[PDB]
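Novice: I am attaching a structure below and will ask some questions about it afterwards.
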Amino acid sequence: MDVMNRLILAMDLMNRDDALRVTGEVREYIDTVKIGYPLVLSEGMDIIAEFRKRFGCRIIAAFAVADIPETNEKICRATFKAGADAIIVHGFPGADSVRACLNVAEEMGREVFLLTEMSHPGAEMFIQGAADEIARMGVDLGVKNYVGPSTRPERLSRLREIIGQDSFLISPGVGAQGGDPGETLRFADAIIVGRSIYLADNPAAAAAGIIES
Amino acid sequence: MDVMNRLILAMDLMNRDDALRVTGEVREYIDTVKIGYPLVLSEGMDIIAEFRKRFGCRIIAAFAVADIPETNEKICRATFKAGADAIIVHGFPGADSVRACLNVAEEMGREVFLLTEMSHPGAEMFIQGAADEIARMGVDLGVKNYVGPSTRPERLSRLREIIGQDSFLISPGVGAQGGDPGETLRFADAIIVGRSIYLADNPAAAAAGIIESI
Ligand SMILES: N#Cc1cc(=O)[nH]c(=O)n1[C@@H]1O[C@H](COP(=O)(O)O)[C@@H](O)[C@H]1O
Ligand SMILES: N#Cc1cc(=O)[nH]c(=O)n1[C@@H]1O[C@H](COP(=O)(O)O)[C@@H](O)[C@H]1O
């Protein structure tokens, strides 16, 4: 995936009008948009088609997939049918759940991102201790795309080590959760940014600002 | 929560027509339906309102919520606005992510179910070794409703031990994944059943048969 400006917009606004406006305003800067459940549960899967029609930006469905293999397969099918380029899947439910998603993505020609360690404080309780093994599981399964935390650069460094230079790594937690764009991009290929852009008075200026830095 | 016949239907059919037809066939037996992302992503969140209108069943949103606190809060907000009575939330992302869901549920008069240990084989890799501690975290947070695996009755037993007899416990993995209805109801208050009913030739007979076995 060639992410324009190394910057992925996390569009977690929950009404259609505002989400469309803000994404439109930053389209000169960003060609890849991460759409998750706050927007999808508010406006429907039809929102993915709408973004493709309006903007011709790649769409990553941030659905943190975390069910049994049979249900993960259905979720991936529904999400790729709607037009997502990629889906984010949790590794902590284990290898069979991840494989189920890889099998659908292989079949429909789309991508899986493996979420390895999360960026919020609570991630320290259980996920962090499992994360290096989760990332190594991903590599053994042939996963090529990963997600790891902007808020813990030492952990993001370790996860880049495990997955190698050829793997693709994107990282949330920049801005509102306290991660730095520059320090993150020493390990991640691209940064994910939501609130620092979408809650700005001038989203385009906020995006331009991050990019210029 | 009083689940009729201790049986919750997991409605994971992916089209509106089949989902409404199958649910209508078993409505005599079941007043609680677990609706997950397979149905919601195929048909929209309006399907929740439509089930309440047609059936008046309780709806548990099986969304395995597993994001950062701020995002979990927005998912719970959207879900309860859509008319879900309860939502399923993962414990593995930690206490702050579960507390975000509890906060919204409290504000809206809804219930959070904490998914401790999952029922599929992959659960053994990472989740199982954290599951007792996740359950203890639930107790510490004041969680009253939990989910644990029919496929590992000794783990389900341990979950019931940790949370005590006054917490409510529901359990998937019955039928298709190899769990036994009667054995699971030694420890769980209610069982979740999907494919054994909704893939049956006569779903009504499948549900009646299950209820008879218990
Ligand atoms: N993907 C993902 C996910 C995993 C993680 O560990 N940390 C996150 O912040 N996220 C998501 O990234 C986005 C971060 O947005 P923000 O820049 O903090 O506003 C949100 O959509 C959040 O749900
Ligand atoms: N809730 C939940 C979930 C957590 C888990 O550990 N195991 C499950 O099977 N489930 C869900 O319960 C249902 C079990 O359905 P079935 O009876 O195996 O067809 C599915 O909706 C599955 O996604």
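Each chain in the structure tokens gets a letter, A, B and so on, in the order shown; residues start at 1 in every chain, and ligands are counted from 1 in the order they appear.
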Quick one: residues within 7 Å of ligand 2, with only C-alpha atoms and all ligand atoms, as a PyMOL selection string?
Specialist: (chain A and resi 67-68+71) or (chain B and resi 10-12+36+62+64+88+115+117-120+147-149+172-177+192-196)
Novice: Within 12 Å of ligand 1, which residues of chain B show up? Give each one with its shortest atom-to-atom distance in Å (one decimal) and the two atoms involved, counting only C-alpha atoms and all ligand atoms, rows by chain then rising residue number, as a tab-separated table.
Specialist:
```
residue	atom	partner	partner_atom_place_in_ligand_line	distance
B:65	CA	ligand 1	23 (O)	10.8
B:66	CA	ligand 1	4 (C)	8.7
B:67	CA	ligand 1	23 (O)	5.6
B:68	CA	ligand 1	23 (O)	5.7
B:69	CA	ligand 1	23 (O)	8.3
B:70	CA	ligand 1	23 (O)	7.3
B:71	CA	ligand 1	23 (O)	4.8
B:72	CA	ligand 1	23 (O)	7.7
B:73	CA	ligand 1	23 (O)	10.1
B:74	CA	ligand 1	23 (O)	9.4
B:75	CA	ligand 1	23 (O)	9.7
B:93	CA	ligand 1	6 (O)	9.1
B:94	CA	ligand 1	6 (O)	11.7
B:97	CA	ligand 1	23 (O)	10.9
```
Novice: Selected residues, N, CA, C and O atoms, written as a short mmCIF file (atom, residue, chain, number, x, y, z; two decimals), in the first residue's frame, please.
Specialist:
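Resulting contents of selection-v2.cif:
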```cif
data_model
loop_
_atom_site.label_atom_id
_atom_site.label_comp_id
_atom_site.auth_asym_id
_atom_site.auth_seq_id
_atom_site.Cartn_x
_atom_site.Cartn_y
_atom_site.Cartn_z
N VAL B 65 -16.56 -6.12 21.78
CA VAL B 65 -15.98 -4.77 21.68
C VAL B 65 -14.52 -4.81 22.15
O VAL B 65 -14.25 -5.31 23.24
N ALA B 66 -13.59 -4.28 21.35
CA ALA B 66 -12.21 -4.48 21.66
C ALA B 66 -11.32 -3.30 21.18
O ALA B 66 -10.26 -3.52 20.54
N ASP B 67 -11.73 -2.06 21.50
CA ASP B 67 -10.99 -0.91 21.07
C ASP B 67 -10.49 -0.09 22.26
O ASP B 67 -10.62 -0.54 23.43
N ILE B 68 -9.93 1.11 22.00
CA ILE B 68 -9.47 1.95 23.09
C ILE B 68 -10.74 2.55 23.76
O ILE B 68 -11.88 2.50 23.19
N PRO B 69 -10.59 3.07 24.98
CA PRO B 69 -11.78 3.56 25.72
C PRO B 69 -12.64 4.53 24.92
O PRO B 69 -13.87 4.37 24.90
N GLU B 70 -12.04 5.53 24.29
CA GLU B 70 -12.85 6.56 23.61
C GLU B 70 -13.70 5.93 22.47
O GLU B 70 -14.89 6.29 22.25
N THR B 71 -13.09 4.99 21.75
CA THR B 71 -13.78 4.32 20.66
C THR B 71 -14.84 3.36 21.21
O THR B 71 -15.97 3.27 20.65
N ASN B 72 -14.50 2.64 22.28
CA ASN B 72 -15.51 1.76 22.86
C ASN B 72 -16.70 2.58 23.28
O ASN B 72 -17.82 2.13 23.14
N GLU B 73 -16.48 3.76 23.88
CA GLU B 73 -17.62 4.57 24.29
C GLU B 73 -18.55 4.87 23.08
O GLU B 73 -19.77 4.78 23.23
N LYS B 74 -17.98 5.20 21.93
CA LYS B 74 -18.80 5.56 20.75
C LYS B 74 -19.55 4.35 20.16
O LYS B 74 -20.67 4.49 19.66
N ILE B 75 -18.91 3.19 20.21
CA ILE B 75 -19.54 1.95 19.76
C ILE B 75 -20.75 1.62 20.68
O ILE B 75 -21.84 1.35 20.17
N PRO B 93 -8.41 -6.31 26.23
CA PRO B 93 -7.81 -4.93 26.13
C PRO B 93 -7.69 -4.15 27.44
O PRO B 93 -7.13 -3.05 27.44
N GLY B 94 -8.24 -4.72 28.54
CA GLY B 94 -7.95 -4.11 29.84
C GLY B 94 -9.03 -3.22 30.45
O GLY B 94 -10.10 -3.04 29.86
N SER B 97 -10.81 0.11 28.96
CA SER B 97 -11.69 -0.17 27.82
C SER B 97 -13.02 -0.76 28.30
O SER B 97 -14.09 -0.43 27.78
#
```
Novice: Can you work out which one of A:153, A:138, A:173, A:109 has the shortest atom-to-atom distance to chain B, counting only C-alpha atoms?
Specialist: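 Among the listed residues, the smallest separation from chain B belongs to A:173.
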Novice: With distances taken over only C-alpha atoms, which residue among A:94, A:44, A:172, A:56 lies nearest residue 82 of chain A?
Specialist: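 Closest residue, counting only C-alpha atoms: A:44.
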Novice: Going by DSSP on the backbone, which residues of segment 13-170 of chain B come out as strand (DSSP E or B)? List them as a PyMOL selection string.
Specialist: chain B and resi 32-36+58-65+86-90+111-115+145-147+168-170
Novice: Please identify which residues in chain A DSSP calls alpha helix (DSSP H) from the backbone, and express them as a CSV table (one decimal) with N, CA and C atoms, in the first residue's frame.
Specialist:
```csv
chain,number,residue,atom,x,y,z
A,16,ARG,N,-22.8,11.3,9.0
A,16,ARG,CA,-22.5,11.3,7.7
A,16,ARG,C,-22.0,12.6,7.1
A,17,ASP,N,-22.8,13.6,7.4
A,17,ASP,CA,-22.5,14.9,6.9
A,17,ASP,C,-21.2,15.4,7.3
A,18,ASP,N,-20.9,15.3,8.6
A,18,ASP,CA,-19.6,15.9,9.1
A,18,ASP,C,-18.4,15.0,8.6
A,19,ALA,N,-18.6,13.7,8.7
A,19,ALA,CA,-17.5,12.8,8.2
A,19,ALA,C,-17.2,13.0,6.7
A,20,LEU,N,-18.2,13.2,5.9
A,20,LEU,CA,-18.0,13.5,4.5
A,20,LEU,C,-17.3,14.9,4.3
A,21,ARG,N,-17.8,15.9,5.0
A,21,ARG,CA,-17.2,17.2,4.9
A,21,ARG,C,-15.7,17.2,5.2
A,22,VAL,N,-15.4,16.6,6.4
A,22,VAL,CA,-14.0,16.6,6.9
A,22,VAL,C,-13.0,15.9,6.0
A,23,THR,N,-13.5,14.7,5.6
A,23,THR,CA,-12.7,13.9,4.7
A,23,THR,C,-12.4,14.6,3.4
A,24,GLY,N,-13.5,15.3,2.8
A,24,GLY,CA,-13.4,16.1,1.6
A,24,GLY,C,-12.3,17.2,1.7
A,25,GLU,N,-12.2,17.8,2.9
A,25,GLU,CA,-11.4,18.9,3.2
A,25,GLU,C,-9.9,18.5,3.3
A,26,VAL,N,-9.7,17.2,3.6
A,26,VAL,CA,-8.3,16.8,3.7
A,26,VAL,C,-7.8,16.0,2.6
A,37,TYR,N,-16.2,1.2,13.6
A,37,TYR,CA,-17.5,1.1,14.0
A,37,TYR,C,-18.3,2.4,14.4
A,38,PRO,N,-17.6,3.3,15.0
A,38,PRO,CA,-18.4,4.5,15.4
A,38,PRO,C,-19.1,5.0,14.1
A,39,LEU,N,-18.4,5.2,13.0
A,39,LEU,CA,-19.1,5.7,11.8
A,39,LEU,C,-20.0,4.6,11.1
A,40,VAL,N,-19.5,3.4,11.0
A,40,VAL,CA,-20.3,2.3,10.4
A,40,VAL,C,-21.6,2.0,11.2
A,41,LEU,N,-21.5,2.0,12.5
A,41,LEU,CA,-22.8,1.6,13.3
A,41,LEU,C,-23.7,2.8,13.3
A,42,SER,N,-23.3,4.0,13.0
A,42,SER,CA,-24.1,5.2,13.0
A,42,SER,C,-24.7,5.3,11.6
A,43,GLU,N,-24.0,5.0,10.5
A,43,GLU,CA,-24.5,5.4,9.2
A,43,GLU,C,-24.6,4.2,8.2
A,46,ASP,N,-23.0,1.2,3.9
A,46,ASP,CA,-23.1,2.1,2.7
A,46,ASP,C,-22.2,3.3,2.7
A,47,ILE,N,-21.7,3.6,3.9
A,47,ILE,CA,-20.8,4.7,4.1
A,47,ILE,C,-19.4,4.5,3.3
A,48,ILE,N,-19.1,3.2,3.3
A,48,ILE,CA,-17.8,2.8,2.5
A,48,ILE,C,-17.9,3.2,1.0
A,49,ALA,N,-19.0,2.7,0.4
A,49,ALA,CA,-19.4,3.1,-1.0
A,49,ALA,C,-19.4,4.6,-1.2
A,50,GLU,N,-20.0,5.2,-0.3
A,50,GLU,CA,-20.1,6.7,-0.4
A,50,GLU,C,-18.7,7.4,-0.4
A,51,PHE,N,-17.8,7.0,0.5
A,51,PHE,CA,-16.5,7.5,0.5
A,51,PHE,C,-15.7,7.2,-0.8
A,52,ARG,N,-15.9,6.0,-1.3
A,52,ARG,CA,-15.2,5.6,-2.6
A,52,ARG,C,-15.8,6.5,-3.7
A,53,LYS,N,-17.1,6.7,-3.7
A,53,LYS,CA,-17.7,7.5,-4.8
A,53,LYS,C,-17.2,8.9,-4.7
A,54,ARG,N,-17.1,9.5,-3.5
A,54,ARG,CA,-16.8,10.9,-3.4
A,54,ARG,C,-15.3,11.2,-3.4
A,55,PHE,N,-14.5,10.3,-2.9
A,55,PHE,CA,-13.1,10.6,-2.7
A,55,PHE,C,-12.1,9.7,-3.4
A,69,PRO,N,-13.2,-18.3,14.5
A,69,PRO,CA,-12.9,-18.3,13.0
A,69,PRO,C,-14.2,-18.2,12.1
A,70,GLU,N,-15.2,-18.9,12.3
A,70,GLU,CA,-16.4,-18.9,11.5
A,70,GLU,C,-17.1,-17.5,11.4
A,71,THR,N,-17.1,-16.9,12.6
A,71,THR,CA,-17.7,-15.5,12.6
A,71,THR,C,-16.8,-14.5,11.9
A,72,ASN,N,-15.5,-14.6,12.2
A,72,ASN,CA,-14.5,-13.7,11.6
A,72,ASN,C,-14.6,-13.8,10.1
A,73,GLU,N,-14.8,-15.1,9.5
A,73,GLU,CA,-14.9,-15.2,8.1
A,73,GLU,C,-16.2,-14.4,7.6
A,74,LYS,N,-17.3,-14.5,8.2
A,74,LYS,CA,-18.5,-13.8,7.8
A,74,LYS,C,-18.2,-12.2,7.9
A,75,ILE,N,-17.6,-11.8,9.0
A,75,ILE,CA,-17.3,-10.4,9.1
A,75,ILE,C,-16.4,-9.8,8.0
A,76,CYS,N,-15.4,-10.6,7.6
A,76,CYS,CA,-14.5,-10.2,6.5
A,76,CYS,C,-15.3,-10.2,5.2
A,77,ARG,N,-16.1,-11.2,5.0
A,77,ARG,CA,-16.9,-11.3,3.7
A,77,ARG,C,-17.8,-10.1,3.6
A,78,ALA,N,-18.5,-9.8,4.6
A,78,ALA,CA,-19.5,-8.6,4.6
A,78,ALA,C,-18.7,-7.3,4.3
A,79,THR,N,-17.5,-7.2,4.9
A,79,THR,CA,-16.7,-5.9,4.9
A,79,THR,C,-16.1,-5.7,3.6
A,80,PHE,N,-15.6,-6.8,3.0
A,80,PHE,CA,-15.0,-6.7,1.7
A,80,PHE,C,-16.1,-6.6,0.6
A,81,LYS,N,-17.2,-7.2,0.8
A,81,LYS,CA,-18.4,-7.0,-0.2
A,81,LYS,C,-18.8,-5.6,-0.3
A,95,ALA,N,-4.4,-18.0,16.3
A,95,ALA,CA,-4.0,-18.1,14.9
A,95,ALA,C,-5.1,-18.5,14.0
A,96,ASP,N,-6.0,-19.4,14.5
A,96,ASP,CA,-7.1,-19.8,13.7
A,96,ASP,C,-8.1,-18.7,13.3
A,97,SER,N,-8.3,-17.8,14.3
A,97,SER,CA,-9.1,-16.6,14.0
A,97,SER,C,-8.5,-15.7,13.0
A,98,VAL,N,-7.1,-15.5,13.1
A,98,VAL,CA,-6.4,-14.7,12.1
A,98,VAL,C,-6.5,-15.4,10.7
A,99,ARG,N,-6.2,-16.7,10.7
A,99,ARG,CA,-6.2,-17.4,9.4
A,99,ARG,C,-7.5,-17.3,8.6
A,100,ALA,N,-8.6,-17.3,9.4
A,100,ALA,CA,-9.9,-17.2,8.8
A,100,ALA,C,-10.0,-15.9,8.0
A,101,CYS,N,-9.5,-14.8,8.6
A,101,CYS,CA,-9.5,-13.6,7.9
A,101,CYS,C,-8.6,-13.6,6.7
A,102,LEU,N,-7.4,-14.1,6.9
A,102,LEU,CA,-6.5,-14.2,5.7
A,102,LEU,C,-7.1,-15.0,4.6
A,103,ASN,N,-7.8,-16.1,4.9
A,103,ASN,CA,-8.4,-16.9,3.8
A,103,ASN,C,-9.4,-16.1,3.0
A,104,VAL,N,-10.3,-15.3,3.7
A,104,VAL,CA,-11.2,-14.5,2.9
A,104,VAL,C,-10.5,-13.4,2.2
A,105,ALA,N,-9.5,-12.8,2.8
A,105,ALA,CA,-8.8,-11.7,2.1
A,105,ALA,C,-8.0,-12.2,0.8
A,106,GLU,N,-7.4,-13.4,1.0
A,106,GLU,CA,-6.7,-14.1,-0.2
A,106,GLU,C,-7.8,-14.3,-1.3
A,107,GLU,N,-8.9,-14.8,-1.0
A,107,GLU,CA,-10.0,-15.1,-1.9
A,107,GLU,C,-10.6,-13.9,-2.6
A,108,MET,N,-10.7,-12.8,-2.0
A,108,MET,CA,-11.3,-11.6,-2.6
A,108,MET,C,-10.3,-10.6,-3.0
A,127,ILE,N,-2.4,-7.3,26.9
A,127,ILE,CA,-2.0,-7.4,25.5
A,127,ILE,C,-0.5,-7.3,25.3
A,128,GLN,N,0.1,-6.4,26.1
A,128,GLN,CA,1.5,-6.1,26.0
A,128,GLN,C,2.4,-7.3,26.2
A,129,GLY,N,2.0,-8.1,27.2
A,129,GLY,CA,2.8,-9.4,27.5
A,129,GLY,C,2.7,-10.4,26.4
A,130,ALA,N,1.7,-10.3,25.6
A,130,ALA,CA,1.4,-11.3,24.5
A,130,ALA,C,1.9,-10.8,23.1
A,131,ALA,N,2.2,-9.5,23.1
A,131,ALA,CA,2.3,-8.8,21.8
A,131,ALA,C,3.5,-9.3,20.9
A,132,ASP,N,4.6,-9.5,21.5
A,132,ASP,CA,5.8,-10.0,20.7
A,132,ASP,C,5.5,-11.4,20.1
A,133,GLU,N,4.8,-12.3,20.9
A,133,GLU,CA,4.4,-13.6,20.4
A,133,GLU,C,3.3,-13.5,19.3
A,134,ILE,N,2.4,-12.5,19.6
A,134,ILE,CA,1.4,-12.3,18.5
A,134,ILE,C,2.0,-11.8,17.2
A,135,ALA,N,3.0,-10.9,17.2
A,135,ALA,CA,3.6,-10.4,16.0
A,135,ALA,C,4.4,-11.6,15.4
A,136,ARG,N,5.0,-12.5,16.2
A,136,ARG,CA,5.8,-13.6,15.6
A,136,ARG,C,4.8,-14.6,14.9
A,137,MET,N,3.6,-14.8,15.6
A,137,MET,CA,2.5,-15.6,15.0
A,137,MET,C,2.0,-15.1,13.6
A,138,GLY,N,1.9,-13.7,13.5
A,138,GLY,CA,1.6,-13.1,12.3
A,138,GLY,C,2.6,-13.4,11.2
A,139,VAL,N,3.9,-13.3,11.6
A,139,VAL,CA,5.0,-13.5,10.6
A,139,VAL,C,4.9,-15.0,10.2
A,140,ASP,N,4.8,-15.9,11.1
A,140,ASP,CA,4.6,-17.3,10.7
A,140,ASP,C,3.4,-17.6,9.8
A,141,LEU,N,2.3,-16.8,10.0
A,141,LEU,CA,1.1,-17.0,9.2
A,141,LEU,C,1.2,-16.3,7.8
A,153,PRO,N,7.1,4.0,21.9
A,153,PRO,CA,8.0,3.8,20.8
A,153,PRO,C,9.0,2.6,20.9
A,154,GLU,N,9.4,2.3,22.2
A,154,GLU,CA,10.2,1.1,22.4
A,154,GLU,C,9.5,-0.2,22.0
A,155,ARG,N,8.2,-0.3,22.2
A,155,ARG,CA,7.4,-1.4,21.7
A,155,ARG,C,7.2,-1.4,20.3
A,156,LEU,N,7.0,-0.2,19.7
A,156,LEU,CA,6.8,-0.1,18.2
A,156,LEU,C,8.1,-0.5,17.6
A,157,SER,N,9.3,-0.2,18.2
A,157,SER,CA,10.6,-0.6,17.7
A,157,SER,C,10.7,-2.1,17.7
A,158,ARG,N,10.4,-2.7,18.8
A,158,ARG,CA,10.5,-4.2,18.9
A,158,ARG,C,9.5,-4.9,17.8
A,159,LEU,N,8.3,-4.3,17.7
A,159,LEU,CA,7.4,-4.9,16.7
A,159,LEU,C,7.9,-4.8,15.2
A,160,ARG,N,8.6,-3.6,14.9
A,160,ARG,CA,9.3,-3.5,13.6
A,160,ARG,C,10.4,-4.5,13.4
A,161,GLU,N,11.2,-4.7,14.5
A,161,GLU,CA,12.2,-5.8,14.5
A,161,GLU,C,11.6,-7.1,14.1
A,162,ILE,N,10.6,-7.5,14.8
A,162,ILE,CA,10.0,-8.8,14.7
A,162,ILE,C,9.5,-9.0,13.2
A,163,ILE,N,8.8,-8.0,12.7
A,163,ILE,CA,8.1,-8.2,11.4
A,163,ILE,C,9.1,-7.9,10.2
A,181,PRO,N,4.4,12.3,15.8
A,181,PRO,CA,4.4,11.9,14.4
A,181,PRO,C,5.9,11.5,13.9
A,182,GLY,N,6.9,12.4,14.1
A,182,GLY,CA,8.3,12.1,13.8
A,182,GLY,C,8.9,10.9,14.4
A,183,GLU,N,8.8,10.7,15.8
A,183,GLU,CA,9.3,9.6,16.5
A,183,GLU,C,8.6,8.3,16.1
A,184,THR,N,7.3,8.4,15.7
A,184,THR,CA,6.6,7.2,15.3
A,184,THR,C,7.1,6.7,14.0
A,195,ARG,N,-8.5,12.4,16.0
A,195,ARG,CA,-9.0,13.6,16.7
A,195,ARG,C,-8.2,14.9,16.4
A,196,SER,N,-6.8,14.8,16.2
A,196,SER,CA,-6.0,16.0,15.9
A,196,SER,C,-6.3,16.6,14.6
A,197,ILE,N,-6.9,15.8,13.7
A,197,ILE,CA,-7.4,16.3,12.4
A,197,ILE,C,-8.9,16.6,12.5
A,198,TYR,N,-9.7,15.6,12.9
A,198,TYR,CA,-11.2,15.8,12.7
A,198,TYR,C,-11.9,16.7,13.7
A,203,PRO,N,-9.6,21.2,9.6
A,203,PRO,CA,-8.9,19.9,9.4
A,203,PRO,C,-7.8,19.9,8.4
A,204,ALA,N,-8.0,20.7,7.3
A,204,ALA,CA,-6.9,20.7,6.3
A,204,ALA,C,-5.6,21.3,6.8
A,205,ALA,N,-5.7,22.4,7.5
A,205,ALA,CA,-4.6,23.1,8.2
A,205,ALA,C,-3.9,22.1,9.2
A,206,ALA,N,-4.8,21.3,9.9
A,206,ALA,CA,-4.2,20.4,10.9
A,206,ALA,C,-3.4,19.3,10.2
A,207,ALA,N,-3.9,18.8,9.1
A,207,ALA,CA,-3.3,17.7,8.3
A,207,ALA,C,-1.9,18.3,7.7
A,208,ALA,N,-2.1,19.5,7.0
A,208,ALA,CA,-0.9,20.1,6.4
A,208,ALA,C,0.2,20.4,7.4
A,209,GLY,N,-0.2,20.8,8.7
A,209,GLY,CA,0.7,21.0,9.8
A,209,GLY,C,1.4,19.7,10.2
A,210,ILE,N,0.7,18.6,10.3
A,210,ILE,CA,1.4,17.3,10.7
A,210,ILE,C,2.3,16.9,9.6
A,211,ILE,N,1.9,17.0,8.3
A,211,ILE,CA,2.7,16.6,7.2
A,211,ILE,C,4.0,17.5,7.1
A,212,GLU,N,3.8,18.8,7.2
A,212,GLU,CA,4.9,19.7,7.1
A,212,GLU,C,6.0,19.3,8.2
```
Novice: Neighbouring residues of residue 167 of chain B were defined as those with any atom within 12 Å, considering only C-alpha atoms; residues of the same chain fewer than 5 positions away were excluded. Please report them as a compact mmCIF listing (two decimals) with N, CA and C atoms, in the first residue's frame.
Specialist:
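Result written to selection_5.txt:
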```txt
# COMPACT_ATOMS: atom_id res chain seq x y z
N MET B 1 -31.32 -10.56 34.40
CA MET B 1 -31.88 -10.96 33.09
C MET B 1 -32.55 -12.34 33.20
N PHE B 113 -21.91 -7.38 29.02
CA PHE B 113 -21.44 -8.72 29.29
C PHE B 113 -19.94 -8.71 29.01
N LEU B 114 -19.14 -9.22 29.96
CA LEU B 114 -17.68 -9.33 29.79
C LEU B 114 -17.30 -10.71 29.26
N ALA B 135 -11.53 -12.21 34.59
CA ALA B 135 -12.74 -12.38 35.34
C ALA B 135 -12.63 -11.62 36.68
N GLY B 138 -13.22 -8.08 36.06
CA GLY B 138 -14.69 -7.91 35.98
C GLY B 138 -15.26 -7.73 37.37
N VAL B 139 -14.92 -8.63 38.30
CA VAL B 139 -15.48 -8.51 39.66
C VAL B 139 -15.08 -7.14 40.29
N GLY B 142 -17.08 -4.33 39.08
CA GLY B 142 -18.53 -4.38 39.33
C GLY B 142 -19.36 -4.98 38.19
N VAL B 143 -18.69 -5.69 37.25
CA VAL B 143 -19.40 -6.37 36.21
C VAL B 143 -20.27 -7.48 36.79
N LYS B 144 -21.53 -7.53 36.33
CA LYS B 144 -22.45 -8.57 36.79
C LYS B 144 -22.74 -9.66 35.76
N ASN B 145 -22.32 -9.45 34.50
CA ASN B 145 -22.74 -10.38 33.40
C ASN B 145 -21.51 -10.80 32.67
N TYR B 146 -21.38 -12.10 32.43
CA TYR B 146 -20.15 -12.63 31.86
C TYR B 146 -20.45 -13.65 30.78
N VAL B 147 -19.45 -13.90 29.93
CA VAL B 147 -19.50 -14.93 28.88
C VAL B 147 -18.25 -15.82 28.99
N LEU B 159 -14.71 -19.98 35.92
CA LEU B 159 -15.33 -18.64 35.74
C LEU B 159 -16.51 -18.42 36.71
N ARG B 160 -17.39 -19.41 36.82
CA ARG B 160 -18.52 -19.32 37.73
C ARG B 160 -18.00 -19.19 39.16
N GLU B 161 -16.96 -19.96 39.50
CA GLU B 161 -16.40 -19.84 40.84
C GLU B 161 -15.93 -18.42 41.15
N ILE B 162 -15.22 -17.83 40.18
CA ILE B 162 -14.61 -16.50 40.42
C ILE B 162 -15.73 -15.47 40.60
N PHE B 187 -23.27 -24.73 34.96
CA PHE B 187 -22.46 -23.57 35.37
C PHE B 187 -23.03 -22.27 34.83
N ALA B 188 -23.47 -22.26 33.56
CA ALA B 188 -24.07 -21.06 32.95
C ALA B 188 -25.52 -20.95 33.27
N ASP B 189 -26.01 -19.71 33.37
CA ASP B 189 -27.45 -19.43 33.49
C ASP B 189 -28.22 -19.71 32.19
```
Novice: Using only C-alpha atoms, can you tell me which of A:185, A:64, A:115, A:86 comes closest to chain B?
Specialist: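 Using only C-alpha atoms, the shortest distance to chain B belongs to A:64.
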Novice: Taking 5 positions as the minimum chain separation for residues in the same chain, which residues sit within 8 Å of residue 145 of chain A when counting only C-alpha atoms? Answer as an MDAnalysis selection string.
Specialist: chainID A and resid 111:114 167:170
Novice: Just to confirm, what's the straight-line distance from atom CA of residue 90 of chain A to atom CA of residue 11 of chain A in Å (one decimal)?
Specialist: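 Spanning atom CA of residue 90 of chain A to atom CA of residue 11 of chain A is a straight-line distance of 19.6 Å.
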Novice: Between atom CA of residue 208 of chain B and atom CA of residue 7 of chain B, what is the distance, to one decimal in Å?
Specialist: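 Here the two named atoms are 10.5 Å from each other.
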Novice: Quick one: residues within 10 Å of residue 194 of chain A, only C-alpha atoms, excluding same-chain residues fewer than 4 positions away - as a VMD selection string?
Specialist: chain A and resid 8 to 13 33 to 34 172 to 176 198 to 199
Novice: Report as a list in words all protein, DNA and RNA residues lying within 7 Å of residue 102 of chain B, evaluated on only C-alpha atoms, omitting residues in the same chain fewer than 4 positions from it.
Specialist: residues 98, 106 and 112 of chain B
